[PDB]
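In structure tokens, the next block holds one chain alone, the form deposited in one PDB entry.
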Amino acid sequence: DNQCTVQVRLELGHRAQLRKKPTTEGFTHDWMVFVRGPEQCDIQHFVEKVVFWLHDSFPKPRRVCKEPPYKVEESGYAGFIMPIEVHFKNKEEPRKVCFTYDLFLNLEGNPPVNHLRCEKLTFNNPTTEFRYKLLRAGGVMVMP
């Protein structure tokens, strides 16, 4: 009778391409990973920050974006599994969500990578304050 759910959508994705020639350091690939909303949505209303956990080999592997764009642009030798934490402007649980992102590169001779992973987040009975943020972001209220 006082229940609701608010669904919001996140898009995680990455692009990778084999450099025409490797960098001095022998980096073979450029890549970019991101978190975004669908078009006409503003996820910054409910996202405090996004944390991208790069392979321990990278300088400052804990890459924090506190405002859009939520992305990391890098060059590298190899794909890896990237924890991505999306922190919410929520005073209560859940305070964040963690994704395990498959940052895979294109093997020599394959076209560039351009992947998207769509994530629907369902908040059950958010606080008044957090519900407001989710809706401002373009979130959809479902009643029972």
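Only residues modelled in both forms are compared. Just count from 1 along the sequence shown to find any residue number. Definition used throughout: the rigid core is the maximal C-alpha set that superposes within 1.5 Å between two forms.
There is another form of the same protein, the form deposited in another entry; it is not shown, and what comes next is about it.
In the core-aligned comparison between the shown form and the other one, the C-alpha of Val113 is the only one from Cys65, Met32, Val113, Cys41 that shifts by 2 Å or more. Three angstroms is the minimum change: in the other entry, the CA atoms of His115 and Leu107 sit closer than in this structure, by 3 Å or more. In the other entry, the separation between the C-alpha atoms of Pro112 and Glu67 grows by 3 Å or more relative to the displayed form. Considering only residues present in both forms and aligning them on the rigid core, one finds just one run of three or more residues with C-alpha shifts of 2 angstroms or more between the shown form and the other one, namely 106 to 113.
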